[PDB]
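The lines below spell out each chain.
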Amino acid sequence: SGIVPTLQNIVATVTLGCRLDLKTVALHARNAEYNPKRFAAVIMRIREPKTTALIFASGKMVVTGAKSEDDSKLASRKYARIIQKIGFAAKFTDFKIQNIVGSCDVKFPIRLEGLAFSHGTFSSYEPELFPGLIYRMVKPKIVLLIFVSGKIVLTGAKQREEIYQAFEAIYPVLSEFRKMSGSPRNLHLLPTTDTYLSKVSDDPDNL
DNA sequence: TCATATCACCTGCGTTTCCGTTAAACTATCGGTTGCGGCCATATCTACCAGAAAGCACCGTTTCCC
């Protein structure tokens, strides 16, 4: 419970309001990869923040590799500004984080068979083609990947607090699977997602 | 470089289920052609009928007879 989870990847999307010519967009970006022989879209990485991004002719975009809530909106706004420099209106709309990926380490090894046998209502553990166990948390809804080393991965979340709540909910379970710190201090010590996102310009006129 | 989880996608392959196709035995009329019979025309035979010249009966004035 003392080893607070770290975010590894935040993935988001934004609507542009207007349908646009993706070939025209592909002409001016300083990083771009695109070939209709394999896929009909441009892959578009940037230096700072270190995000990858994607654009669709229908007037929608996706952003990946964000380290913070801030990076997600700030990168999306900078990609939209590049499209506004180009011959399109690109009205920044529908900003959302569809998935969050985080990880933590309890520093003790886990008997995945014991976890799967006792919590089989939520746990799945297939024959060992892959070494890690998977867990389906239903309230709040989170997917957790459990490894024998004590390393843990969390995904399927969209709100920051639920990743820390899911870790805190399974830490007592993991701690029971032991043989021969445990205090969270608070459920969420850091500021909320909204108090982070509000540092970035929200108004679409603030290009 | 293979072995899991999760999401945007969109475009693509070629899949996967009830309907459509070529053509069946058995089905429901309905048509090109078969044979079978009414109305109406004709020359002849007939039923129902009246009219004439002639019958014939009811009747009583006559007169001969009770």
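Definitions and cut-offs
- Residues numbered from 1 in each chain as written, not as in the entry; some residues may be left out.
- Chains lettered and ligands numbered in written order.
- Part of a larger assembly, values for the part shown.
- Heavy atoms only, no water.
- Pairing = 2+ DSSP bridges.
- Helix = DSSP H or I, 4+ residues; strand = E, 2+ residues; numbered from the N terminus.
- Patch = residues over 30% accessible without salt bridge, like charges linked within 9 Å, V, L, I, M, F, W, Y side chains within 5 Å.
- Areas by Shrake-Rupley, 256 points an atom, 1.4 Å probe, with all protein chains shown as cover.
- Salt bridge = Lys/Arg side-chain N within 4 Å of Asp/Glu carboxyl O.
- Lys, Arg positive; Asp, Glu negative; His and termini not counted.
- Charge placed at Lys NZ, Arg CZ, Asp CG, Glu CD.
- Contact = heavy atoms within 4.5 Å.
- Axes fitted to C-alpha atoms, helices over the stretch in contact; angles between N-to-C directions.

Method-wise, the PDB entry is recorded as coming from cryo-EM, at a reported resolution of 3.8 Å.

Student: I keep staring at the pairing of strand β5 (residues 60-66) and nothing clicks. Help me out?
Tutor: Each regular strand shows side chains that alternate between the opposite faces of the sheet. Sheet topology places strand β1 (residues 6-15) next to β5; five bridges connect them, and they run antiparallel. Its bridge partner lying in β5, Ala12 is registered against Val63. Pairing between strand β4 (residues 52-56) and β5: five bridges, direction antiparallel. Looking across to β5, one finds that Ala53 is bridged to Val63. From the end of β4 to the start of β5, which pair antiparallel, there are three residues, and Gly59 there has a positive phi angle of about 95°.

Student: What's the story with a positive patch on the surface in this structure? I'm lost.
Tutor: Together, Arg30, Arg45, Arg47 and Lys50 give the surface a local cluster of positive charge. Mapped onto the elements of the fold, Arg45 is located in the loop between β3 (39-43) and β4.

Student: Please clarify how the sheet that holds strand β8 (residues 133-138) should be interpreted in this entry.
Tutor: The strands that make up a sheet are held in pairs by hydrogen bonds between backbone atoms, and each pair lies either parallel or antiparallel. In space, the ten strands of this open sheet follow the order β2-β3-β4-β5-β1-β6-β10-β9-β8-β7, with antiparallel pairing throughout. Strand pairing shows two members of the sheet lacking a second neighbour, β2 (33-35) and β7 (123-124), which therefore form its edges. Here β3 runs beside β4; their pairing, made up of two bridges, is antiparallel. The residue of β4 that forms the bridge with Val42 is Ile55. Sheet strands in contact with helix α4 (residues 160-176) are β1, β6 (93-105), β8, β9 (141-146) and β10 (151-157), and its direction is about 140° off that of β10.

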